[PDB]
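**Q**
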Amino acid sequence: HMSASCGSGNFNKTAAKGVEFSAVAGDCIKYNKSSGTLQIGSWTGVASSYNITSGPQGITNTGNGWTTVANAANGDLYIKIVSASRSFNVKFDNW
Ligand SMILES: OC[C@H]1O[C@@H](O[C@H]2[C@H](O)[C@@H](O)[C@H](O[C@H]3[C@H](O)[C@@H](O)[C@H](O[C@H]4[C@H](O)[C@@H](O)[C@H](O[C@H]5[C@H](O)[C@@H](O)[C@H](O)O[C@@H]5CO)O[C@@H]4CO)O[C@@H]3CO)O[C@@H]2CO)[C@H](O)[C@@H](O)[C@@H]1O
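Read left to right, the sequence shown gives residues 333 to 427 (the deposited numbering).
#1: Does at least one heavy atom of ligand 1 sit under 8 Å from the Cβ of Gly341?
#2: Going by the C-beta, is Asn421 closer than 8 Å to any heavy atom of ligand 1?
#3: Buried or exposed, going by whether 16 or more other CB atoms sit within 10 Å of the CB of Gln371?
#4: Can the beta-carbon of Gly395 be found closer than 9 Å to that of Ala379?
#5: Does at least one heavy atom of ligand 3 sit under 8 Å from the Cβ of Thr376?
#6: Quick one: using the 10 Å Cβ neighbour count with 16 as the cut-off for buried, is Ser374 buried or exposed?
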């Protein structure tokens with residue numbers, strides 16, 4: 333239960349715009365969104381869900397395309413991977 337929160341003091345990975353990386357349930361990802369609307373994409377086929385610290389909660393992705401996340405702030409975002417059955421490749425983007 334310790335360090336279950338996700339934020340600027342305990343993120344374990346940093347995403348680069350448009351660059352896929354291997355992700356697992358429990359990860360806490362830092363991503364800077366400069367402008368536009370956040371997008372979360374994966375093609376591995378593994379369903380996943382996310383909470384953004386101080387932002388949108390219960391985001392889901394099917395593993396077969398992009399999820400658009402309206403109302404995510406610009407700047408540094410901290411995105412917790414709430415659930416996923418196995419490691420999967422994901423990318424964060426914005427447009
Ligand atoms: O990675 C392994 C995995 O890849 C699968 O392939 C994926 C691929 O990874 C994805 O990148 C690709 O997804 C693309 C989307 O289909 C497409 O909609 C989106 O396009 C964006 C575009 O990048 C963006 O610039 C654009 O913005 C404009 C705004 O809309 C305007 O309002 C604004 O005014 O101007 C900007 C331009 O400055 O928006 C569009 C949407 O409108 O781009 C994605 C890529 O960046 O999909 C592939 C699958 O379909 C592959 O299939 C798997 O095999 C593989 O394992």
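Heads up, the beta-carbon is just placed ideally off N, CA and C, and yes, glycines get one too.
**A** In short:
#1: By 1-based counting over the sequence shown, the position of residue 341 is 9. Result no, Cβ not under 8 Å from ligand 1.
#2: Within the sequence shown, the letter at position 89 stands for residue 421. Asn421 Cβ: within cutoff of ligand 1.
#3: Position 39 of the sequence shown holds residue 371. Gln371 should be labelled buried.
#4: Here the question's residue 395 lines up with position 63 in the sequence shown. Here the question's residue 379 lines up with position 47 in the sequence shown. Yes, they are a contact pair.
#5: This structure lacks ligand 3; its bound ligands are ligand 1.
#6: As a first step, residue 374 must be located in the sequence shown, where it is residue number 42. Burial call: buried.
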